[PDB]
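Colleague: One structure, pasted below without further comment.
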Amino acid sequence: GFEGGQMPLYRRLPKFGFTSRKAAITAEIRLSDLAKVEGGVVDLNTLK
Amino acid sequence: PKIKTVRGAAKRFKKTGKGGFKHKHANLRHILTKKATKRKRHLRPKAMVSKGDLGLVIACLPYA
Amino acid sequence: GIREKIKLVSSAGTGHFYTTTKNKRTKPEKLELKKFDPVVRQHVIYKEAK
Amino acid sequence: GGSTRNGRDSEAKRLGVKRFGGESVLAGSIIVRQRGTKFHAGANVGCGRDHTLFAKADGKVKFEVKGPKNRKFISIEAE
RNA sequence: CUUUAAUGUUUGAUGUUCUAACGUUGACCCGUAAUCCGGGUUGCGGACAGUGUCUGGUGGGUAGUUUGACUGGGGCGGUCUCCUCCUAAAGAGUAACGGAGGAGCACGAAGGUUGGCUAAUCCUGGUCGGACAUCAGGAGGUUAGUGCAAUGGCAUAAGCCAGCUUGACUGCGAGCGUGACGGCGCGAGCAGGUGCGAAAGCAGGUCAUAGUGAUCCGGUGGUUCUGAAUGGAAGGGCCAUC
RNA sequence: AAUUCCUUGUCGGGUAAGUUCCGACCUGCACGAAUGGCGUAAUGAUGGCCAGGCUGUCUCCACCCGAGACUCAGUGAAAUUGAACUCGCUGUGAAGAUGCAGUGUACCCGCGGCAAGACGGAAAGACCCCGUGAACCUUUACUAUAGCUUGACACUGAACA
RNA sequence: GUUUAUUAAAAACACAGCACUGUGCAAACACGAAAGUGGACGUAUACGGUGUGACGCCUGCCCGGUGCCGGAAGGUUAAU
RNA sequence: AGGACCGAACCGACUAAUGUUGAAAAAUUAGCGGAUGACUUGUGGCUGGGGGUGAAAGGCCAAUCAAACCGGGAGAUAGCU
RNA sequence: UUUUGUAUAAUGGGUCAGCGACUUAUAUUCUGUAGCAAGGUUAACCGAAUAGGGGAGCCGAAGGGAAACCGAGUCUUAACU
């Protein structure tokens with residue numbers, strides 16, 4: 001990041017300082033999967 | 001050993017679908033009682049990291 | 001400056017306000033002016049210091 | 001002393017020369033005061049409080065002799 | 001409850017007494033016909049001193065560390081950012097401790113507008129009277145003025161003034177000139193809420209160019225955007241300004 | 001003057017001449033009375049000056065003597081060494097050119113003695129300046145700290161006002 | 001009398017002495033956090049710290065600064 | 001009687017001299033200064049490396065010194081030759 | 001070897017022999033090639049092979065947004081332009 005003066009690369013931009021805290025536990029499942037309905041009904045229990 | 005992420009950079013940039021990085025722009029955090037209306041409106045638009053410096057940001061955020 | 005600042009409140013009951021450097025050292029009679037309020041979109045007096 | 005400083009750039013820019021533009025905008029010059037040398041006349045328009053002419057047209061620039069108050073101006077080309 | 005007194009009773013300030021913590025580098029006794037030690041007998045000091053924890057001073061005695069770059073070589077001098085002409089080659093950038101000079105703040109007004117208006121300087125003439133000095137007439141002219149140095153537009157005045165107005169605008173933007181970037185500078189045009197005006201139109205502060213620059217923690221008020229097992233709240237962000 | 005820049009000041013003493021010395025004058029860039037101010041017996045392998053003495057210091061060296069040197073027989077190093085069949089003068093010139101350009105001189109090779117140089121030898125100059133190197137010296141630069149010192153609390157409490 | 005041994009032997013350094021000052025003995029103080037030891041087994045005519053340096057004749061001005069001693073009320077001011 | 005007179009040893013190190021890949025990692029010669037004194041010195045012990053010991057020169061500490069010698073951190077670090 | 005520069009009054013070589021420096025572990029990015037492909041790939045271990053078992057993990061196929069949240073859409077936002 002060092003450019004010679006001018007403040008290094010990243011420190012020019014202010015922080016965002018705030019995150020979702022759920023963006024790494026939200027989960028995605030594709031519509032082409034789970035076609036047998038986990039033996040009856042797809043629930044957090046049968047996914048678990 | 002494995003290379004590290006620059007934590008002071010990860011607090012400042014967010015990745016895009018096309019592999020670029022977003023930032024909220026600078027110069028909007030001080031002396032707004034002297035900075036002109038038109039100047040504040042030119043700093044308020046949100047932006048991304050440009051091609052001349054982007055190659056260094058991906059080298060600071062290697063696992064992003 | 002030594003001329004100081006004055007902070008005036010909106011006559012719309014909004015928390016958003018107006019601040020200016022209006023000098024009293026030659027012209028001391030109070031500032032009490034109309035401006036556009038950006039929270040109600042009206043043209044209202046800004047009055048009374050602090 | 002001994003002369004001091006002598007400042008950088010003194011930037012001044014000139015666009016209103018030959019058949020300029022032809023796409024969406026035609027231009028004058030950045031010279032802090034402008035009203036008749038590279039300015040508009042008649043139905044032509046493109047200048048405000050900053051004294052840089054930028055007229056919003058696909059017409060190329062054209063040069064011609066004289067106009068109002070005997071000033072030079074600049075004109076647009078039909079095609 | 002007030003005035004009173006005594007009782008029980010927690011805890012400070014200051015001084016006084018006692019003996020029982022502590023002390024003995026007081027006496028003498030024994031291990032030990034030992035100098036250090038331990039305990040005793042016996043006195044005297046005495047809740048101090050001592051020893052520790054927290055705490056205010058004092059402490060180059062000792063110790064860690066900082067104290068720039070420019071310059072036809074340093075010092076002395078002048079320089080570091082912004083801003084202006086000439087030199088600088090009829091596209092365009094431009095050197096020199098080359099020729100030469102400024103800014104570091106102000107203005108509710110000089111801001112927005114419909115209308116109305118138009119110098120300087122030189123000369124002639126002055127009054128009770130001038131340390132300075134009146135309003136006319138004659139000459140003259142993008143020679144005055146623009147908040148401020150400097151230059152150039154300028155009467156369509158962008159110069160000053162009357163009426164109203166405060167747009168010294170909110171969400172934006174065909175986008176654009178400049179620079180390697182940070183950064184600066186300009187804006188068609190759309191809509192929100194309006195102002196002047198017969199209306200168009202203009203107003204996105206001032207005629208154009210200096211008066212201030214980032215990231216960080218923090219001030220202030222707003223906020224179901226968030227908030228950490230569940231529900232608040234501290235904390236985080238967002239918006240507005242300091 | 002153990003102190004005074006212009007300045008080698010002035011006069012008396014003095015020398016052939018004294019920026020010397022001694023004394024006087026105050027005509028000392030900020031000498032000045034406990035770091036004293038000034039004299040001063042004694043001490044000096046003692047600075048600045050004089051006289052008296054004595055001289056190879058000098059005029060200027062002359063001779064005489066040993067031990068090196070010289071020469072020979074044996075023992076036998078180091079710095080240095082890209083390479084050498086490297087002589088004048090005039091001129092070019094990293095400018096202060098053996099070797100280039102112009103033009104001389106020299107059959108070929110040793111030895112004693114000597115410094116004109118080879119920007120000779122001799123330790124990656126020692127001043128100056130430069131390194132976001134380091135060490136130390138200072139202090140009312142910053143920040144600690146050994147030591148000294150204040151209050152409170154506890155070890156350590158019964159009684160009194 | 002001492003000294004930069006190996007470019008300085010001096011006008012510097014040392015000294016009877018002179019001055020300023022600390023110290024009541026479990027002295028002041030040192031090194032060690034202490035264990036001890038030295039001062040000293042001495043006791044203000046003794047010991048420690050510092051400066052000054054025979055002797056003679058004398059010795060003006062200053063408390064703004066920096067440190068100490070005493071005065072002790074009050075101020076700035078910690079833990080509590 | 002003597003930090004008195006003079007003068008060998010001995011000690012000092014003021015002047016002259018030789019030496020410099022030395023005979024010597026400052027030694028050897030002559031003059032000079034001291035010579036019962038604050039003199040000179042043999043053997044042991046005590047004190048040591050940010051530590052000693054100094055009638056002081058920031059001198060000297062086993063040939064090495066305003067931080068010696070030996071072993072480690074450590075092929076330290078050096079926008080530099 | 002230094003230099004814009006050198007017959008060089010520049011550092012510097014006595015020479016022959018043997019030595020004397022840029023490498024790939026853990027990561028990573030791009031290019032090349034190969035196995036597979038909206039899928040690609042097992043770590044440790046077991047170990048019988050320098051191969052066969054072992055699918056906890058890793059990468060990748062959707063974006064827009066401080067974020068809540070929405071999703072082939074979505075932030076800005078009056079937003080309907």
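Chain labels A, B, ... are given in the sequence in which chains occur in the structure tokens; within each chain residues are numbered consecutively from 1, and ligands are likewise numbered from 1 in the order shown.
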Per residue of chain A within 12 Å of chain E, record the nearest atom pair and its distance in Å to one decimal, counting only C-alpha atoms (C1' of nucleotides), with rows in chain order and ascending residue number, as JSON lines.
Modeller:
{"residue": "A:3", "atom": "CA", "partner": "E:181", "partner_atom": "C1'", "distance": 9.9}
{"residue": "A:4", "atom": "CA", "partner": "E:181", "partner_atom": "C1'", "distance": 12.0}
{"residue": "A:5", "atom": "CA", "partner": "E:182", "partner_atom": "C1'", "distance": 10.7}
{"residue": "A:6", "atom": "CA", "partner": "E:182", "partner_atom": "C1'", "distance": 7.1}
{"residue": "A:7", "atom": "CA", "partner": "E:214", "partner_atom": "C1'", "distance": 8.1}
{"residue": "A:8", "atom": "CA", "partner": "E:215", "partner_atom": "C1'", "distance": 9.9}
{"residue": "A:9", "atom": "CA", "partner": "E:182", "partner_atom": "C1'", "distance": 10.1}
{"residue": "A:10", "atom": "CA", "partner": "E:215", "partner_atom": "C1'", "distance": 9.1}
{"residue": "A:11", "atom": "CA", "partner": "E:215", "partner_atom": "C1'", "distance": 5.4}
{"residue": "A:12", "atom": "CA", "partner": "E:215", "partner_atom": "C1'", "distance": 5.3}
{"residue": "A:13", "atom": "CA", "partner": "E:215", "partner_atom": "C1'", "distance": 6.8}
{"residue": "A:14", "atom": "CA", "partner": "E:215", "partner_atom": "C1'", "distance": 6.4}
{"residue": "A:15", "atom": "CA", "partner": "E:215", "partner_atom": "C1'", "distance": 9.1}
{"residue": "A:16", "atom": "CA", "partner": "E:237", "partner_atom": "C1'", "distance": 7.6}
{"residue": "A:17", "atom": "CA", "partner": "E:237", "partner_atom": "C1'", "distance": 6.7}
{"residue": "A:18", "atom": "CA", "partner": "E:237", "partner_atom": "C1'", "distance": 5.4}
{"residue": "A:19", "atom": "CA", "partner": "E:237", "partner_atom": "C1'", "distance": 8.4}
{"residue": "A:20", "atom": "CA", "partner": "E:226", "partner_atom": "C1'", "distance": 8.0}
{"residue": "A:21", "atom": "CA", "partner": "E:228", "partner_atom": "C1'", "distance": 8.8}
{"residue": "A:22", "atom": "CA", "partner": "E:228", "partner_atom": "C1'", "distance": 11.0}
Colleague: Mind checking which residues fall within 9 Å of residue 1 (chain G), counting only C-alpha atoms (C1' of nucleotides), ignoring those fewer than 4 positions away in the same chain, and posting them as a PDB file with C-alpha atoms (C1' of nucleotides), in the first residue's frame?
Modeller:
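Everything below was put into result_19.pdb:
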ATOM      1  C1'   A G  14      47.309  17.815  45.918  1.00  0.00           C
TER       2        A G  14
ATOM      3  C1'   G H   3      58.010  16.259  53.332  1.00  0.00           C
ATOM      4  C1'   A H  38      52.969  12.679  50.967  1.00  0.00           C
ATOM      5  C1'   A H  55      47.080  13.815  44.594  1.00  0.00           C
TER       6        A H  55
END
Colleague: Could you pull the residues within 12 Å of residue 101 (chain F), counting only C-alpha atoms (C1' of nucleotides), minus those fewer than 5 positions along the same chain, as a list in words?
Modeller: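 So the residues in contact are residues 90, 91, 92 and 93 of chain F.
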Colleague: Export, as a PDB file, in the first residue's frame, the selected residues with C-alpha atoms (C1' of nucleotides).
Modeller:
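Below you can see result-v9.pdb, which holds the result:
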ATOM      1  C1'   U F  90      56.255  21.038 -28.738  1.00  0.00           C
ATOM      2  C1'   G F  91      50.949  20.255 -28.707  1.00  0.00           C
ATOM      3  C1'   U F  92      46.001  17.447 -27.780  1.00  0.00           C
ATOM      4  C1'   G F  93      44.211  16.154 -23.048  1.00  0.00           C
TER       5        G F  93
END
Colleague: Find the residues around residue 1 (chain C) up to 12 Å (only C-alpha atoms (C1' of nucleotides) counted), leave out those fewer than 5 positions away in its own chain, and share them as a PDB file with N, CA, C and O atoms (P, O5', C5', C4', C3', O3' and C1' of nucleotides), in the first residue's frame.
Modeller:
ATOM      1  N   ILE C   6     -23.751  32.382  15.559  1.00  0.00           N
ATOM      2  CA  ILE C   6     -25.097  32.288  16.100  1.00  0.00           C
ATOM      3  C   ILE C   6     -25.817  31.073  15.490  1.00  0.00           C
ATOM      4  O   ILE C   6     -25.797  30.877  14.271  1.00  0.00           O
ATOM      5  N   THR C  20     -24.771  30.554  11.434  1.00  0.00           N
ATOM      6  CA  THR C  20     -24.073  31.586  10.636  1.00  0.00           C
ATOM      7  C   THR C  20     -23.155  32.470  11.487  1.00  0.00           C
ATOM      8  O   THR C  20     -23.295  32.552  12.704  1.00  0.00           O
ATOM      9  N   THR C  21     -22.203  33.143  10.844  1.00  0.00           N
ATOM     10  CA  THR C  21     -21.149  33.987  11.429  1.00  0.00           C
ATOM     11  C   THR C  21     -21.509  35.460  11.649  1.00  0.00           C
ATOM     12  O   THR C  21     -20.625  36.295  11.806  1.00  0.00           O
ATOM     13  N   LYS C  22     -22.781  35.810  11.611  1.00  0.00           N
ATOM     14  CA  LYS C  22     -23.239  37.208  11.545  1.00  0.00           C
ATOM     15  C   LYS C  22     -22.620  38.098  12.626  1.00  0.00           C
ATOM     16  O   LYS C  22     -22.901  37.940  13.819  1.00  0.00           O
ATOM     17  N   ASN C  23     -21.791  39.036  12.191  1.00  0.00           N
ATOM     18  CA  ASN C  23     -21.039  39.965  13.020  1.00  0.00           C
ATOM     19  C   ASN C  23     -21.929  41.014  13.691  1.00  0.00           C
ATOM     20  O   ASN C  23     -22.783  41.576  13.032  1.00  0.00           O
ATOM     21  N   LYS C  24     -21.706  41.334  14.970  1.00  0.00           N
ATOM     22  CA  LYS C  24     -22.387  42.384  15.741  1.00  0.00           C
ATOM     23  C   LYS C  24     -21.542  43.643  15.988  1.00  0.00           C
ATOM     24  O   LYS C  24     -22.027  44.592  16.597  1.00  0.00           O
ATOM     25  N   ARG C  25     -20.278  43.650  15.610  1.00  0.00           N
ATOM     26  CA  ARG C  25     -19.292  44.674  15.995  1.00  0.00           C
ATOM     27  C   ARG C  25     -19.471  46.029  15.306  1.00  0.00           C
ATOM     28  O   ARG C  25     -18.957  47.039  15.784  1.00  0.00           O
TER      29      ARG C  25
ATOM     30  P     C E 105      -7.101  33.054   8.630  1.00  0.00           P
ATOM     31  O5'   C E 105      -7.959  34.362   8.629  1.00  0.00           O
ATOM     32  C5'   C E 105      -9.294  34.357   8.246  1.00  0.00           C
ATOM     33  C4'   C E 105      -9.676  35.763   7.839  1.00  0.00           C
ATOM     34  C3'   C E 105     -11.139  36.047   8.029  1.00  0.00           C
ATOM     35  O3'   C E 105     -11.500  36.311   9.379  1.00  0.00           O
ATOM     36  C1'   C E 105     -10.269  36.995   6.000  1.00  0.00           C
ATOM     37  P     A E 106     -13.001  36.494   9.796  1.00  0.00           P
ATOM     38  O5'   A E 106     -13.430  37.764   8.949  1.00  0.00           O
ATOM     39  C5'   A E 106     -14.748  37.955   8.540  1.00  0.00           C
ATOM     40  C4'   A E 106     -14.832  39.114   7.550  1.00  0.00           C
ATOM     41  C3'   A E 106     -16.266  39.430   7.204  1.00  0.00           C
ATOM     42  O3'   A E 106     -16.800  40.401   8.083  1.00  0.00           O
ATOM     43  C1'   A E 106     -14.948  39.196   5.224  1.00  0.00           C
TER      44        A E 106
END
Colleague: What's the separation between CA of residue 41 (chain C) and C1' of residue 191 (chain E), in Å to one decimal place?
Modeller: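 Rounded to one decimal, the two atoms are 14.0 Å apart.
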Colleague: Do you have the CA of residue 52 (chain B)-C1' of residue 213 (chain E) distance handy?
Modeller: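 Going from CA of residue 52 (chain B) over to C1' of residue 213 (chain E) covers 23.6 Å.
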Colleague: I'd like the contact shell of region 55-65 of chain G - 9 Å cut-off, only C-alpha atoms (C1' of nucleotides), skipping same-chain residues fewer than 3 positions apart - returned as a ChimeraX atom specification.
Modeller: /F:33-34,36-41
Colleague: Need to verify the contact set: residue 8 (chain C), 9 Å, only C-alpha atoms (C1' of nucleotides), exclusion of same-chain residues closer than 2 positions in sequence. Can you return it as an mmCIF file with N, CA and C atoms, in the first residue's frame?
Modeller:
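Once everything was written out, this is out31.cif:
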data_model
loop_
_atom_site.group_PDB
_atom_site.id
_atom_site.type_symbol
_atom_site.label_atom_id
_atom_site.label_comp_id
_atom_site.auth_asym_id
_atom_site.auth_seq_id
_atom_site.Cartn_x
_atom_site.Cartn_y
_atom_site.Cartn_z
ATOM 1 N N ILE C 6 -23.751 32.382 15.559
ATOM 2 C CA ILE C 6 -25.097 32.288 16.100
ATOM 3 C C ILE C 6 -25.817 31.073 15.490
ATOM 4 N N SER C 10 -35.511 26.353 13.983
ATOM 5 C CA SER C 10 -36.592 26.412 13.025
ATOM 6 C C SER C 10 -37.920 26.630 13.717
ATOM 7 N N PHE C 17 -31.531 22.664 12.223
ATOM 8 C CA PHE C 17 -31.299 24.074 12.581
ATOM 9 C C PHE C 17 -30.502 24.846 11.507
ATOM 10 N N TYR C 18 -30.120 26.096 11.802
ATOM 11 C CA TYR C 18 -29.292 26.943 10.940
ATOM 12 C C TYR C 18 -28.226 27.692 11.746
ATOM 13 N N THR C 19 -27.000 27.745 11.241
ATOM 14 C CA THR C 19 -25.865 28.390 11.907
ATOM 15 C C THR C 19 -25.135 29.355 10.959
ATOM 16 N N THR C 20 -24.771 30.554 11.434
ATOM 17 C CA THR C 20 -24.073 31.586 10.636
ATOM 18 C C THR C 20 -23.155 32.470 11.487
ATOM 19 N N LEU C 31 -30.144 38.987 14.337
ATOM 20 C CA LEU C 31 -30.504 38.224 13.139
ATOM 21 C C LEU C 31 -31.742 37.364 13.417
ATOM 22 N N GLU C 32 -32.762 37.507 12.598
ATOM 23 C CA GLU C 32 -33.976 36.689 12.646
ATOM 24 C C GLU C 32 -34.537 36.524 11.224
ATOM 25 N N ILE C 45 -38.924 31.141 9.607
ATOM 26 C CA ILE C 45 -38.000 31.938 10.407
ATOM 27 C C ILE C 45 -37.139 30.998 11.218
ATOM 28 N N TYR C 46 -35.860 31.297 11.246
ATOM 29 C CA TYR C 46 -34.923 30.735 12.178
ATOM 30 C C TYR C 46 -34.588 31.813 13.211
ATOM 31 N N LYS C 47 -34.825 31.505 14.491
ATOM 32 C CA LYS C 47 -34.760 32.464 15.607
ATOM 33 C C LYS C 47 -34.070 31.917 16.845
ATOM 34 N N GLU C 48 -33.768 32.837 17.759
ATOM 35 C CA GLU C 48 -33.277 32.659 19.128
ATOM 36 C C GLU C 48 -32.020 31.822 19.304
ATOM 37 N N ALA C 49 -30.974 32.472 19.805
ATOM 38 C CA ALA C 49 -29.642 31.932 19.910
ATOM 39 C C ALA C 49 -29.531 30.713 20.841
ATOM 40 N N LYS C 50 -28.605 29.826 20.492
ATOM 41 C CA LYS C 50 -28.467 28.456 21.008
ATOM 42 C C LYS C 50 -29.757 27.639 20.905
#
Colleague: Taking only chain A into account, list the residues labelled alpha helix (DSSP H) by DSSP (computed from the backbone), as a list in words.
Modeller: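 Answer for chain A restricted to alpha helix (DSSP H) is residues 44, 45, 46 and 47 of chain A.
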Colleague: Fewer than 3 positions away in the same chain doesn't count, so skip those; otherwise give me all residues within 12 Å of residue 81 (chain E), counting only C-alpha atoms (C1' of nucleotides), as a ChimeraX atom specification.
Modeller: /D:5,7-8 /E:103-104,210,212-213
Colleague: Those residues you just picked out, can you put them in a file as a PDB file, in the first residue's frame with C-alpha atoms (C1' of nucleotides)?
Modeller:
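Generated output (result16.pdb):
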ATOM      1  CA  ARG D   5       7.769  32.237  -5.590  1.00  0.00           C
ATOM      2  CA  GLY D   7       3.183  30.412  -8.828  1.00  0.00           C
ATOM      3  CA  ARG D   8       2.460  27.141 -10.773  1.00  0.00           C
TER       4      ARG D   8
ATOM      5  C1'   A E 103      -3.729  35.392   0.265  1.00  0.00           C
ATOM      6  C1'   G E 104      -4.382  32.773   5.239  1.00  0.00           C
ATOM      7  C1'   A E 210      -6.362  32.855  -2.804  1.00  0.00           C
ATOM      8  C1'   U E 212      -7.822  26.767   4.071  1.00  0.00           C
ATOM      9  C1'   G E 213      -6.372  19.697   3.871  1.00  0.00           C
TER      10        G E 213
END
Colleague: Can you check which residues of chain B have any atom within 12 Å of chain C? Use only C-alpha atoms and format it as a list in words.
Modeller: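 Contact residues on the first chain: residues 32, 33 and 34 of chain B.
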Colleague: So which residues of chain D fall under strand (DSSP E or B) by DSSP, listed as a ChimeraX atom specification?
Modeller: /D:13-14,21,26-27,29-30,54-55,60-62,75-76
Colleague: Please produce a file of the residues just selected, as a PDB file, in the first residue's frame, where the atoms kept are C-alpha atoms.
Modeller:
ATOM      1  CA  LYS D  13      -7.697  26.410 -21.775  1.00  0.00           C
ATOM      2  CA  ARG D  14      -8.811  26.996 -25.441  1.00  0.00           C
ATOM      3  CA  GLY D  21     -17.357  19.137 -31.741  1.00  0.00           C
ATOM      4  CA  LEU D  26     -19.220  22.651 -28.883  1.00  0.00           C
ATOM      5  CA  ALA D  27     -16.890  24.785 -26.687  1.00  0.00           C
ATOM      6  CA  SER D  29     -12.304  28.989 -23.773  1.00  0.00           C
ATOM      7  CA  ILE D  30     -11.537  29.167 -19.988  1.00  0.00           C
ATOM      8  CA  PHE D  54     -20.359  24.844 -23.839  1.00  0.00           C
ATOM      9  CA  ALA D  55     -23.299  24.775 -26.279  1.00  0.00           C
ATOM     10  CA  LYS D  60     -19.649  21.596 -35.612  1.00  0.00           C
ATOM     11  CA  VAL D  61     -18.054  25.019 -34.897  1.00  0.00           C
ATOM     12  CA  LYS D  62     -18.025  27.615 -37.728  1.00  0.00           C
ATOM     13  CA  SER D  75     -21.398  29.860 -35.077  1.00  0.00           C
ATOM     14  CA  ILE D  76     -22.736  26.283 -35.675  1.00  0.00           C
TER      15      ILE D  76
END
Colleague: Select, as a PDB file with N, CA and C atoms (P, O5', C5', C4', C3', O3' and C1' of nucleotides), in the first residue's frame, those residues of chain E with any atom no more than 8 Å from chain C (distances computed using only C-alpha atoms (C1' of nucleotides)).
Modeller:
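The resulting file, part.pdb, is reproduced below:
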ATOM      1  P     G E 108     -23.136  42.219   6.524  1.00  0.00           P
ATOM      2  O5'   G E 108     -24.429  41.644   5.826  1.00  0.00           O
ATOM      3  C5'   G E 108     -25.655  41.670   6.526  1.00  0.00           C
ATOM      4  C4'   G E 108     -26.771  41.038   5.699  1.00  0.00           C
ATOM      5  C3'   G E 108     -28.115  41.145   6.410  1.00  0.00           C
ATOM      6  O3'   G E 108     -28.907  42.222   5.965  1.00  0.00           O
ATOM      7  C1'   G E 108     -27.726  38.937   5.474  1.00  0.00           C
ATOM      8  P     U E 166     -38.190  35.044   1.499  1.00  0.00           P
ATOM      9  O5'   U E 166     -36.647  34.800   1.293  1.00  0.00           O
ATOM     10  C5'   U E 166     -36.188  33.862   0.322  1.00  0.00           C
ATOM     11  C4'   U E 166     -34.701  33.620   0.440  1.00  0.00           C
ATOM     12  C3'   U E 166     -34.341  33.052   1.815  1.00  0.00           C
ATOM     13  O3'   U E 166     -33.432  31.976   1.717  1.00  0.00           O
ATOM     14  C1'   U E 166     -33.144  35.060   1.338  1.00  0.00           C
ATOM     15  P     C E 169     -28.285  27.724   1.354  1.00  0.00           P
ATOM     16  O5'   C E 169     -28.159  27.482  -0.232  1.00  0.00           O
ATOM     17  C5'   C E 169     -28.538  26.247  -0.842  1.00  0.00           C
ATOM     18  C4'   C E 169     -30.040  26.031  -0.808  1.00  0.00           C
ATOM     19  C3'   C E 169     -30.430  24.562  -0.914  1.00  0.00           C
ATOM     20  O3'   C E 169     -30.178  23.897   0.302  1.00  0.00           O
ATOM     21  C1'   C E 169     -31.993  26.030  -1.940  1.00  0.00           C
ATOM     22  P     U E 170     -29.548  22.457   0.364  1.00  0.00           P
ATOM     23  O5'   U E 170     -30.746  21.447   0.158  1.00  0.00           O
ATOM     24  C5'   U E 170     -31.439  20.849   1.236  1.00  0.00           C
ATOM     25  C4'   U E 170     -32.425  19.805   0.711  1.00  0.00           C
ATOM     26  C3'   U E 170     -31.800  18.766  -0.221  1.00  0.00           C
ATOM     27  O3'   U E 170     -31.225  17.694   0.481  1.00  0.00           O
ATOM     28  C1'   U E 170     -33.818  19.572  -1.112  1.00  0.00           C
ATOM     29  P     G E 192     -42.470  18.308  -8.930  1.00  0.00           P
ATOM     30  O5'   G E 192     -41.773  18.358  -7.504  1.00  0.00           O
ATOM     31  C5'   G E 192     -41.910  17.316  -6.545  1.00  0.00           C
ATOM     32  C4'   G E 192     -41.244  17.695  -5.223  1.00  0.00           C
ATOM     33  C3'   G E 192     -41.830  18.942  -4.573  1.00  0.00           C
ATOM     34  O3'   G E 192     -42.960  18.654  -3.769  1.00  0.00           O
ATOM     35  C1'   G E 192     -39.469  19.052  -4.593  1.00  0.00           C
ATOM     36  P     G E 193     -44.094  19.725  -3.583  1.00  0.00           P
ATOM     37  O5'   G E 193     -43.388  21.027  -2.993  1.00  0.00           O
ATOM     38  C5'   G E 193     -43.145  21.147  -1.596  1.00  0.00           C
ATOM     39  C4'   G E 193     -42.350  22.415  -1.270  1.00  0.00           C
ATOM     40  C3'   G E 193     -42.965  23.740  -1.688  1.00  0.00           C
ATOM     41  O3'   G E 193     -43.980  24.200  -0.814  1.00  0.00           O
ATOM     42  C1'   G E 193     -40.655  23.699  -2.179  1.00  0.00           C
ATOM     43  P     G E 221     -27.283  15.784  23.036  1.00  0.00           P
ATOM     44  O5'   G E 221     -28.331  15.702  21.871  1.00  0.00           O
ATOM     45  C5'   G E 221     -29.352  16.656  21.808  1.00  0.00           C
ATOM     46  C4'   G E 221     -30.023  16.611  20.445  1.00  0.00           C
ATOM     47  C3'   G E 221     -30.686  15.287  20.039  1.00  0.00           C
ATOM     48  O3'   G E 221     -31.934  14.992  20.640  1.00  0.00           O
ATOM     49  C1'   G E 221     -29.424  16.205  18.249  1.00  0.00           C
ATOM     50  P     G E 222     -32.570  13.525  20.536  1.00  0.00           P
ATOM     51  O5'   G E 222     -32.834  13.231  18.997  1.00  0.00           O
ATOM     52  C5'   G E 222     -33.838  13.909  18.292  1.00  0.00           C
ATOM     53  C4'   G E 222     -33.770  13.594  16.798  1.00  0.00           C
ATOM     54  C3'   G E 222     -34.105  12.149  16.410  1.00  0.00           C
ATOM     55  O3'   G E 222     -35.478  11.859  16.355  1.00  0.00           O
ATOM     56  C1'   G E 222     -32.198  12.910  15.262  1.00  0.00           C
ATOM     57  P     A E 240     -26.816  14.267   5.222  1.00  0.00           P
ATOM     58  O5'   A E 240     -27.118  15.267   6.417  1.00  0.00           O
ATOM     59  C5'   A E 240     -28.278  16.045   6.455  1.00  0.00           C
ATOM     60  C4'   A E 240     -28.416  16.748   7.807  1.00  0.00           C
ATOM     61  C3'   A E 240     -27.326  17.779   8.076  1.00  0.00           C
ATOM     62  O3'   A E 240     -27.660  19.031   7.512  1.00  0.00           O
ATOM     63  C1'   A E 240     -27.762  16.383   9.986  1.00  0.00           C
TER      64        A E 240
END
Colleague: How many Å separate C1' of residue 30 (chain H) from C1' of residue 3 (chain G)?
Modeller: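 Computing the Euclidean distance for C1' of residue 30 (chain H) and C1' of residue 3 (chain G) yields 25.7 Å.
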